[PDB]
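Scroll down for the structure; my scribbles are underneath it.
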Amino acid sequence: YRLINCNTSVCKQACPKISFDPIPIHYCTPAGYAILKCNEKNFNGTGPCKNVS
Amino acid sequence: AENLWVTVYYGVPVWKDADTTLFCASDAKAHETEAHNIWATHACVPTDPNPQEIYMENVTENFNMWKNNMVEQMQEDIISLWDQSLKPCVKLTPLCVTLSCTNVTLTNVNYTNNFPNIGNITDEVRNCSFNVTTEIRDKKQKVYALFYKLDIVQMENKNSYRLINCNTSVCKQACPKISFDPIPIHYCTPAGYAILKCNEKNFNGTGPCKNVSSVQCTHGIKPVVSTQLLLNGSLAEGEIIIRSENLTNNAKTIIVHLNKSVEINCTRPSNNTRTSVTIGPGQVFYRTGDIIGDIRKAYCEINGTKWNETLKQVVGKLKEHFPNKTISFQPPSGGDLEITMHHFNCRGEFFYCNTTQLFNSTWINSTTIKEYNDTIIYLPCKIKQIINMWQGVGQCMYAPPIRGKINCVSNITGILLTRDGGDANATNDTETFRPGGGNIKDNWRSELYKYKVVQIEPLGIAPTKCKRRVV
Amino acid sequence: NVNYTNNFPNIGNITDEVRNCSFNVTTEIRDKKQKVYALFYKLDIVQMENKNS
Amino acid sequence: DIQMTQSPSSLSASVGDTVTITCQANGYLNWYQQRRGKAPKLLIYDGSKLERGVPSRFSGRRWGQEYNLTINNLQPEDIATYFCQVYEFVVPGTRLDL
Amino acid sequence: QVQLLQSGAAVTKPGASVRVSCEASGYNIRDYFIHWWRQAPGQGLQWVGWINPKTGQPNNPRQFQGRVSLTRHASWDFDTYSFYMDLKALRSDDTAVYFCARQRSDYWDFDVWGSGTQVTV
Amino acid sequence: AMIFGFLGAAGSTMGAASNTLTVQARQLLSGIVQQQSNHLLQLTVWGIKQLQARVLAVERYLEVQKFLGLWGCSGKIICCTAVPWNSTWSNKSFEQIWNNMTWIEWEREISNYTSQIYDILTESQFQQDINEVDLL
Amino acid sequence: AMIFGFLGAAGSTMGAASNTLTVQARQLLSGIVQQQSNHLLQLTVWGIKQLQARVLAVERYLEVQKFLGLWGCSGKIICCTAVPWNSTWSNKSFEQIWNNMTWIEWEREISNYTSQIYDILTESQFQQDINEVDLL
Ligand SMILES: *[C@@H]1O[C@H](CO)[C@@H](O[C@@H]2O[C@H](CO)[C@@H](O[C@@H]3O[C@H](CO[C@H]4O[C@H](CO[C@H]5O[C@H](CO)[C@@H](O)[C@H](O)[C@@H]5O)[C@@H](O)[C@H](O[C@H]5O[C@H](CO)[C@@H](O)[C@H](O)[C@@H]5O)[C@@H]4O)[C@@H](O)[C@H](O[C@H]4O[C@H](CO)[C@@H](O)[C@H](O)[C@@H]4O[C@H]4O[C@H](CO)[C@@H](O)[C@H](O)[C@@H]4O[C@H]4O[C@H](CO)[C@@H](O)[C@H](O)[C@@H]4O)[C@@H]3O)[C@H](O)[C@H]2NC(C)=O)[C@H](O)[C@H]1NC(C)=O
Ligand SMILES: *[C@@H]1O[C@H](CO)[C@@H](O[C@@H]2O[C@H](CO)[C@@H](O[C@@H]3O[C@H](CO[C@H]4O[C@H](CO[C@H]5O[C@H](CO)[C@@H](O)[C@H](O)[C@@H]5O)[C@@H](O)[C@H](O[C@H]5O[C@H](CO)[C@@H](O)[C@H](O)[C@@H]5O)[C@@H]4O)[C@@H](O)[C@H](O[C@H]4O[C@H](CO)[C@@H](O)[C@H](O)[C@@H]4O)[C@@H]3O)[C@H](O)[C@H]2NC(C)=O)[C@H](O)[C@H]1NC(C)=O
Ligand SMILES: *[C@@H]1O[C@H](CO)[C@@H](O[C@@H]2O[C@H](CO)[C@@H](O[C@@H]3O[C@H](CO[C@H]4O[C@H](CO[C@H]5O[C@H](CO)[C@@H](O)[C@H](O)[C@@H]5O)[C@@H](O)[C@H](O[C@H]5O[C@H](CO)[C@@H](O)[C@H](O)[C@@H]5O)[C@@H]4O)[C@@H](O)[C@H](O[C@H]4O[C@H](CO)[C@@H](O)[C@H](O)[C@@H]4O)[C@@H]3O)[C@H](O)[C@H]2NC(C)=O)[C@H](O)[C@H]1NC(C)=O
Ligand SMILES: *[C@@H]1O[C@H](CO)[C@@H](O[C@@H]2O[C@H](CO)[C@@H](O[C@@H]3O[C@H](CO[C@H]4O[C@H](CO[C@H]5O[C@H](CO)[C@@H](O)[C@H](O)[C@@H]5O)[C@@H](O)[C@H](O[C@H]5O[C@H](CO)[C@@H](O)[C@H](O)[C@@H]5O)[C@@H]4O)[C@@H](O)[C@H](O[C@H]4O[C@H](CO)[C@@H](O)[C@H](O)[C@@H]4O)[C@@H]3O)[C@H](O)[C@H]2NC(C)=O)[C@H](O)[C@H]1NC(C)=O
Ligand SMILES: *[C@@H]1O[C@H](CO)[C@@H](O[C@@H]2O[C@H](CO)[C@@H](O[C@@H]3O[C@H](CO[C@H]4O[C@H](CO)[C@@H](O)[C@H](O)[C@@H]4O)[C@@H](O)[C@H](O[C@H]4O[C@H](CO)[C@@H](O)[C@H](O)[C@@H]4O)[C@@H]3O)[C@H](O)[C@H]2NC(C)=O)[C@H](O)[C@H]1NC(C)=O
Ligand SMILES: *[C@@H]1O[C@H](CO)[C@@H](O[C@@H]2O[C@H](CO)[C@@H](O)[C@H](O)[C@H]2NC(C)=O)[C@H](O)[C@H]1NC(C)=O
Ligand SMILES: *[C@@H]1O[C@H](CO)[C@@H](O[C@@H]2O[C@H](CO)[C@@H](O)[C@H](O)[C@H]2NC(C)=O)[C@H](O)[C@H]1NC(C)=O
Ligand SMILES: *[C@@H]1O[C@H](CO)[C@@H](O[C@@H]2O[C@H](CO)[C@@H](O)[C@H](O)[C@H]2NC(C)=O)[C@H](O)[C@H]1NC(C)=O
Ligand SMILES: *[C@@H]1O[C@H](CO)[C@@H](O)[C@H](O)[C@H]1NC(C)=O
Ligand SMILES: *[C@@H]1O[C@H](CO)[C@@H](O)[C@H](O)[C@H]1NC(C)=O
Ligand SMILES: *[C@@H]1O[C@H](CO)[C@@H](O)[C@H](O)[C@H]1NC(C)=O
Ligand SMILES: *[C@@H]1O[C@H](CO)[C@@H](O)[C@H](O)[C@H]1NC(C)=O
Ligand SMILES: *[C@@H]1O[C@H](CO)[C@@H](O)[C@H](O)[C@H]1NC(C)=O
Ligand SMILES: *[C@@H]1O[C@H](CO)[C@@H](O)[C@H](O)[C@H]1NC(C)=O
Ligand SMILES: *[C@@H]1O[C@H](CO)[C@@H](O)[C@H](O)[C@H]1NC(C)=O
Ligand SMILES: *[C@@H]1O[C@H](CO)[C@@H](O)[C@H](O)[C@H]1NC(C)=O
Ligand SMILES: *[C@@H]1O[C@H](CO)[C@@H](O)[C@H](O)[C@H]1NC(C)=O
Ligand SMILES: *[C@@H]1O[C@H](CO)[C@@H](O)[C@H](O)[C@H]1NC(C)=O
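Chains as they are written, first to last, in the working numbering: chain A, 24 to 76; chain B, 20 to 490; chain C, 3 to 55; chain D, 4 to 101; chain E, 923 to 1043; chain F, 213 to 348; chain G, 213 to 348.
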């Protein structure tokens, strides 16, 4: 047999101390920019949102 | 008088000589091709649709190339871009093994397919077989490839060869999606700096320029790389200019700049096939499996009459700086292959053309006009795959073969010459100039000779009669 | 050599502080091996087994 | 096209004297001294600048198409042949003796 | 320091060839031209030519055309260089001492010279 | 009379060049360097040269603005001061400056005293604020 | 009376320290960090530290200039305001402040009300502009 990856690319072994737990991330803007949030409960992807914050 | 007070003026038109960081700007039309060009990558900001060039009338500025920092900056960027584009590519360490090469055998008829009878690639390539590693480390396979004799050096035990680079450095294989096409680059300044431009038609490198104008970005500059002749450049406006740091010092290269372009037409008539083997996990090596169909040496076509004229006007300008001496041109006296042969690029195939018919003549006095009819000059050229263009400074590269036939048509805009010294024999009314010299920096002094970076000083102090009103 | 201590101090000599070691390395060609030698300080080499190795 | 000529071929300056040797040159000029069958060494380059290492005894100056090499406080070890050099043109020089 | 080690003297016959070697070790060799000088016995120096160490491009007068061949060999890491000079056809006139010199700046300042190699026929 | 471009009046005398101050002042911080820039894209060879061009364009603007604030000339194209002219920096008369000299020629003439003048200008504005606090 | 260096009057009372304001103010943006810095040279260990030092110097300068603009004190060393002093931030008399305290001691005493005072100063300047638009 052989490992599957050996004809596509080399693979690195994840370092033992590295943790895969997803912890929350907040994406924040610089000063002079802002983020608008749509507060409509039943809002599909597109169109005007009348409850912006 | 007593009525004069210090007044502060903002926005004054004053500048000083300065050095700064110039960023890139390229046209969008050449963009959005997804060809991943080496030089003017996606990082360049879009160029200004409406560039502004302001003529400053009563202004005389001292320009000095050979001391321009725009040239040194462009050298760092050109080398830096070359190295990073090759970083993700595939190393060719497994190919430093023993090669057992033999004469190539081919099957075709192809009776020269055309007028030129330079020769055929047989006796210019070798059929070499060697052992590499399959994707599995502990399995070895025997493969073959066609290598140019310039890329292999025999070590001992005749019929046993090796790649030239294997005792100097490891060479990466140019990634297939990378494009070598030089597209123009505009060098721009940050706000608070400016570029002065000399608009004199007949202006040598140094001295006052009486027709300065102000710009914000240089015109599109191609990073085209060549050794003996500048190609695809910008023609002179007034007439042929002979520019040299000191024409007396023979250690300094002479840059000739043409006002009339001369076409050079280079083609690779052969028909190579690109085949790939696997030399390791995720590593694939592209090689010339076979050359079937047309087999002929690569060549370049020059119109004979045009070169005579372009070589005749130049000696006219040379005779001004060397009044009572006869001018003759001779082929280079030695050096590396990049110096003794015209090196350039075409669709990723790197050529080395002889150019001895172009630079073998003597112009004694021009006593009488000599007339001859039109002829085409055919310059034999060689192809190389192991590429070291930065004088052993950058990363070595291996150029995979290009499928099919190759043709390139480019302009000749200048010549780099090197006068040779002497005491008694050289003073016998004769001056020999040989092509090539200098370095790749001179390939860009010919473009950035008219520019100068300055810093703006918008704060001015003057005496006026206006006094600040105290409360 | 002779070099009769060349000076007042008589601390000793490097002999018994270095070893003469020989090994196989690769030449510029990967599939060719050459035998070379070098002098190493005893602090830089640790014995593994099979004395004199 | 470099024109140069060293008029003094040889001279017999005594010990402790100051002697000047003149060389005309249409370009950059450098000064070398060479012992009997030895490698010349650089004393003055450009006609006025002192090399790092030569004592302050040696000095030269320029005016027009003429340069001077001056050796004040001559020493018995300052006997050699002196060159005025342009890019690739060199004259035989001048020899010192007591 | 900076040093240009030469080779020993050589004795040859008319019509033979010679190989004078100069070795530079203690600086950035690639950034300075190396010139070769010829000094016949009882005469002044003569200029043979310069070689560009970066590219190996030589330059010789009309007198030494087709006879002198200046070449250089560079170490793997460019720490040290070897500069060679070859004379193809020799006569009695070629008896001299050959120096390798290191041009320093645009003044053509040869601050460093080799010891000298006595070539006789 | 026609409007000039950037530095189009560099060769004209002061009397005529001072009518085009807003042309040079309007281009001190804004340029194409602040565009979107069409293997981290901001660590490439020109990803860095653009970043250091943006910081350079800002320090050049703030360097001039720092002095305007100290001298009390913020928000003015031409600002008058209370510092008498010292006839050691230059003793030329009105016609010998505003009708015979260019801004480049003049700034070189007084180049030795700009630093001294800058300190005097700053100190003068300080006295005005001192004299105002203990006056109201 | 002698001229002081940078922060040379940190230990003197306010009445004597306020005569050296231009010494500290003249060194806020300008320094040797903007030199030419004598393997990408701008990515080395000490090429990055110089870069972020240049950005640090700018932000510190703009952090003070932001307030001067809001309060209407642009281009002033000492700027008088229309905000009455509130005897809850501090009730010390003239002699207990300008003849008995250093600027460090004082700014620590009112440290709890600096944020409150900053908001009032901005609001005061806003009212002046409102009262001017509907007065002319
Ligand atoms: C001085 O200046 C002069 C003038 O500027 C320079 O001369 C010019 O140089 C440029 C570039 O070197 C030339 O452009 C190239 O032209 C060739 C040939 O075009 C002909 O063939 C096209 C079809 O190609 C197919 O057949 C040929 C055989 O004929 C075969 O060899 C080839 O592999 C392919 O199989 C025809 O389409 C074309 O007709 C028309 O095509 C366009 C419409 O489609 C039309 O707009 C054109 O005007 C033309 O009229 C013509 O008959 C092109 O093949 C080549 O195309 C490459 O580059 C462009 C971008 O420029 C890109 O969009 C293409 O996709 C292609 O890119 C491939 O190669 C790149 C490496 O070079 C690589 O990076 C790309 O990713 C891509 O490779 C990928 O795909 C291929 C399969 O396509 C795959 O095999 C790869 O593995 C990879 O996955 C250029 O357009 C000029 O022709 C030439 N002008 C003159 C007058 O000579 C001169 O070089 C300068 N000198 C110096 C020293 O600087
Ligand atoms: C390639 O490299 C070569 C080699 O470096 C270089 O050659 C230089 O060429 C320039 C221009 O051709 C030369 O500059 C000129 O020098 C002239 C001579 O200068 C010397 O003599 C001065 C006095 O001469 C007067 O008196 C004599 C008799 O005594 C009389 O014959 C003369 O005609 C003349 O009337 C002397 O003052 C001068 O000393 C100055 O310079 C030195 C060194 O620079 C300095 O150390 C001194 O302190 C002093 O400043 C020197 O000894 C000179 O006449 C000529 O002057 C013209 O220009 C000035 C403005 O600069 C005008 O005011 C004047 O009226 C003249 O019009 C000019 O200065 C230079 O000397 C050459 N260098 C060498 C080493 O030979 C090439 O230029 C290079 N080529 C390129 C393209 O770069
Ligand atoms: C590059 O450098 C050059 C040279 O350094 C520089 O050229 C100067 O440009 C300035 C422009 O700013 C010129 O100054 C202007 O000159 C105008 C013409 O003046 C002459 O003509 C006057 C009468 O003309 C009237 O009538 C004729 C018909 O006869 C008609 O065609 C005209 O249009 C016009 O209606 C005349 O009175 C005047 O005399 C003045 O000058 C002399 C000598 O200098 C002096 O002795 C007098 O006492 C008198 O002052 C002259 O003969 C002129 O109209 C114009 O005036 C307007 O502007 C001034 C600004 O203060 C106002 O006060 C005035 O009321 C007008 O509105 C102005 O004076 C100057 O003459 C040029 N210099 C030369 C040598 O040609 C370029 O500008 C530079 N360019 C750059 C890009 O840097
Ligand atoms: C470190 O800390 C120390 C201590 O905290 C600090 O020392 C203080 O420094 C300040 C300087 O700013 C001193 O204040 C000055 O004091 C000067 C001297 O005042 C005394 O002498 C006066 C008479 O002197 C005259 O006559 C004599 C001959 O007799 C002659 O030599 C003198 O040169 C001078 O001509 C006298 O009138 C004065 O009395 C005052 O003070 C007492 C008590 O404080 C008070 O009761 C009085 O009512 C009167 O106010 C005192 O006895 C003084 O000349 C000087 O005045 C000038 O400046 C003021 C500023 O407002 C002007 O109004 C005035 O017109 C003058 O131009 C000023 O007052 C202070 O005395 C020091 N404190 C101590 C304890 O020594 C250091 O500065 C600190 N250093 C740093 C770097 O932080
Ligand atoms: C990496 O590998 C390359 C290739 O192997 C090395 O470059 C070669 O190095 C060898 C060893 O120095 C050179 O061998 C020399 O050959 C000379 C004759 O060849 C000349 O003529 C041929 C004609 O085709 C040319 O191609 C060639 O370039 C030469 O110009 C010899 O003369 C040299 O000296 C020997 O002979 C003379 C007598 O002639 C004796 O007096 C000497 O003592 C000596 O025995 C020398 O043998 C070879 O020329 C080099 N080739 C190239 C293309 O450079 C690199 O040096 C190597 N790099 C590293 C870091 O190891
Ligand atoms: C280069 O040499 C190789 C041998 O290593 C040739 O490959 C063989 O050629 C023979 C002759 O036609 C065939 O019978 C074999 O099938 C080929 N493959 C192998 C693995 O032996 C190759 O043809 C040669 N190429 C050229 C252009 O001469
Ligand atoms: C290119 O420059 C050359 C000069 O180097 C020009 O040739 C000159 O042309 C004029 C006009 O016919 C003649 O009077 C001169 O005698 C020519 N000079 C020489 C040295 O022959 C040529 O005309 C220019 N060409 C273009 C297109 O501008
Ligand atoms: C460059 O040279 C090639 C060949 O030397 C030229 O190709 C010829 O083009 C004509 C069309 O005008 C054809 O009829 C020929 O058959 C082509 N020759 C070959 C060998 O294919 C090409 O035209 C030249 N380029 C320029 C711009 O003139
Ligand atoms: C979202 O819902 C509204 C309300 O029905 C509708 O008009 C709109 O088309 C919807 N948009 C999409 C993208 O479905
Ligand atoms: C350029 O040309 C001018 C005009 O002849 C001349 O004075 C100057 O010396 C030249 N400069 C150079 C570097 O050749
Ligand atoms: C050239 O090589 C290709 C690839 O092997 C082949 O298909 C073609 O027939 C050959 N001849 C010509 C004229 O293209
Ligand atoms: C002119 O061109 C012909 C070939 O077309 C060439 O033989 C001749 O040498 C050229 N003229 C001169 C003066 O060399
Ligand atoms: C060339 O030399 C002759 C004398 O042989 C002379 O008359 C002529 O002026 C010289 N040419 C120039 C351009 O000086
Ligand atoms: C060509 O060059 C050779 C030397 O390389 C020279 O002897 C000859 O005169 C030149 N001209 C011709 C027509 O061969
Ligand atoms: C040039 O003309 C001559 C006639 O004298 C002729 O013999 C020759 O073949 C012609 N050559 C060319 C290239 O036209
Ligand atoms: C330089 O030497 C000449 C030789 O004649 C002499 O006349 C001149 O005075 C010397 N220059 C000096 C001493 O400055
Ligand atoms: C003018 O400046 C000089 C120093 O440049 C100074 O000595 C002189 O006192 C100043 N004039 C006045 C009136 O202050
Ligand atoms: C003074 O400040 C306190 C809070 O710090 C506030 O409650 C009080 O109202 C202020 N004084 C006046 C007169 O507004």
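Cβ atoms here follow ideal geometry from the backbone N, Cα and C, with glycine treated the same way.
Would you kindly report the start and end of the unbroken alpha helix (DSSP H) that includes residue i?
i, result
"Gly281 of chain G", "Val257 to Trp283"
"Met89 of chain B", "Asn88 to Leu105"
The beta strand (DSSP E) with residue i in it runs from where to where?
i, result
"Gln302 of chain B", "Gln302 to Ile310"
"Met174 of chain B", "Run containing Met174 of chain B: none; DSSP gives neither H nor E here."
"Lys35 of chain C", "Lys35 to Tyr43"
What is the DSSP secondary structure of residue i, counted as helix, strand or coil?
i, result
"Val144 of chain B", "strand"
"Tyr330 of chain G", "helix"
"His49 of chain A", "coil"
Compare the C-alpha of residue i against each of the options and name the closest.
i, options, result
"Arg1013 of chain E", "E:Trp972, E:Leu927 and E:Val933", "E:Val933"
"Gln985 of chain E", "B:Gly413, B:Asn447, B:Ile383 and B:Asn139", "B:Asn447"
"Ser104 of chain B", "F:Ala237, F:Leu252 and F:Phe216", "F:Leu252"
Check this for me: beta carbons of residue i and residue j, under 8 Å apart or not?
i, j, result
"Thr21 of chain D", "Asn75 of chain D", "yes"
"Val151 of chain B", "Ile298 of chain B", "yes"
"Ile309 of chain F", "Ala481 of chain B", "yes"
"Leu377 of chain B", "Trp409 of chain B", "no"
"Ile171 of chain B", "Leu118 of chain B", "yes"
### Inter-stretch contact (C-beta, 8 Å, three-pair minimum) for the segment 277-290 of chain G and the segment 309-327 of chain G
no
### Query
Using 8 Å as the threshold, is the segment 999-1017 of chain E in touch with the segment 942-952 of chain E, meaning 3 or more CB pairs across them?
yes
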